[PDB]
């Protein structure tokens, strides 16, 4: 029920009659296959075409791990294989998770991608990390996902719950579009838009016009995007929208001292905070916010397991540090990160 050729570094311009009888033997004599991992290889057109037919018959397929399967191929030649693969996946009624990370999808590769994403209603978890999409394409993806929501509503399919789309230069450009996307999938659980060069205005809009609508949100990671006070203020207002929030990842987001103080203050006003992990590395956070944050944790975050504050504007030797450590010790649960690189 699980076929994989992970990291074998197989250059497959086409599936030879040889390996067809060995390497992919399983894909042939077994249709129960629930999972398929192809990552770590280079799939040429013909190979894809062969896989395309043997993937379309795996009606019990649930997971399609196709990340990193084009390394070494000319950007503008990847489309044909991508279309053949995605079209095969489209015929699998239980395929709920699909990863296509680490694949250079240029303007031409988009079409197949957009077509797929906008029609595959059983899709629940999407992983599209590091594809050099850029804002132009960034928005095209967001647009297609909005179409997916319409088709899901029509066909009564399960809701989309995970969207991992980082390191794709989404920037401020595609932000108005993505906000609409989140308005379309209010039952999401995990959203990770890391390292997308989004700036303050974009972060603000994303938060208030998008994520703030997802009241089921459990995990949110916006690591390495510029917030400043602006975005921080936005995040402050939004926090109250995520009562089920468990993980907030704000590492390297330049929240700023005042921004971070806003965020800590917003948290102090929330009841029943079931927050478990809070990442705030390199945010120019200063002592006073950390002092406030500490009582807030001690009095309003009974389930906190991890707190990351390294890289900020305060010393590891300041009395709050040992106070936070005391809250965790007394509780028998709770952990603070190694503060070995304060500013």
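Positions refer to the first chain, counted from 1.
The question of which stretch, 198-206 or 156-164, has the higher mean Cα B factor is settled in favour of 198-206.
Higher mean CA B-factor, judged across 39-47 and 298-306 from the recorded values: 39-47. In this entry, the residue among 174, 101, 241, 181 with the greatest C-alpha B factor is 174. Within the group 218, 186, 75, 94, the record's highest C-alpha temperature factor is found at 75. Among the modelled residues of its chain, residue 333 has a C-alpha B-factor that falls in the highest third according to the deposited record. Residue-level temperature factors show residue 169 in the highest third of its chain, judged at the C-alpha atom. In this PDB entry, residue 327 carries a Cα temperature factor that places it within the lowest third of its chain's modelled residues.
For residue 313, the recorded CA temperature factor ranks within the middle third of the chain's modelled residues. Residue-level temperature factors show residue 214 in the middle third of its chain, judged at the C-alpha atom.
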